[PDB]
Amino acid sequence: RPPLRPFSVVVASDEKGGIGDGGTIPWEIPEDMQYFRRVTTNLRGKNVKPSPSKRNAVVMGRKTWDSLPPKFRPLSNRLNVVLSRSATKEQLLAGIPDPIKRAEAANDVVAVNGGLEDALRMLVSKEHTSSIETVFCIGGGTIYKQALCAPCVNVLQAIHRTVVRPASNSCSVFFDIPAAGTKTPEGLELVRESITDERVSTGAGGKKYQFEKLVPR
């Protein structure tokens, strides 16, 4: 287990840390979705744009990949890295209804056959260190729990946690995040580097979101 890639994590969870009711993200809070797009797509520097030359990677488990709304499959302008034991790049792409788009997507889809550590082991390579700028863990459940595990947490840089104020009481899937300053079972101290003021979703999806940022030790 030699050196890996530093990534960050992106999640939207209620107070109970719940994230998903099976196979559809429970909330489609607009600004929330908007942040997610801008956070995982956007490169660093003035007027800099994501091309296959340079772009960010997003790593997700298969199940998350199944929960992607077909339109969001795959997340454009990002290298989509999917962790599956069973499925192949072929199988993944099968989950792309429109066959045409499906043929286009193979550019920016990768099927790792392994866990996070594996994916991070691959993105440390000389291709992936130059064509890919930042690496985001973007769910789902087991993949988050892994990210917080050694040796993955050892290169975890931030956590960009959104906070849906009216917690959904229908969440089957959860992100186990020990408070934000608790000597973890593991031995991690999450630190709220910063956190936005509460705002409320303009939409008739009138919830209330926060952009929290947490960081290890």
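Numbers for residues come from their place in the sequence shown, where the first is 1.
Peer 1: Identify the stretch, either 18-26 or 5-13, whose C-alpha atoms have the larger mean B-factor according to the entry.
Peer 2: Result of the comparison: 18-26.
Peer 1: Averaging CA B factors per stretch from the PDB record, which one is higher: 95-103 or 124-132?
Peer 2: Between 95-103 and 124-132, it is 124-132.
Peer 1: Name the residue from 57, 60, 177, 39 with the greatest C-alpha temperature factor listed in the entry.
Peer 2: Out of 57, 60, 177, 39, the record gives the largest C-alpha B-factor to 177.
Peer 1: Return the residue from 68, 159, 152, 43 that has the highest Cα B-factor in the entry.
Peer 2: Of the candidates given, the C-alpha B-factor peaks at 152.
Peer 1: Is the Cα B-factor recorded for residue 145 in the lowest, middle or highest third of its chain?
Peer 2: Residue 145: CA B-factor falls in the middle third of its chain.
Peer 1: Please place residue 116 in the lowest, middle or highest third of its chain according to the CA B-factor in the PDB entry.
Peer 2: Middle third of the chain for residue 116's C-alpha B-factor.
Peer 1: So where's residue 51 on the chain's Cα temperature factor ranking, which third?
Peer 2: Middle third of the chain for residue 51's C-alpha B-factor.
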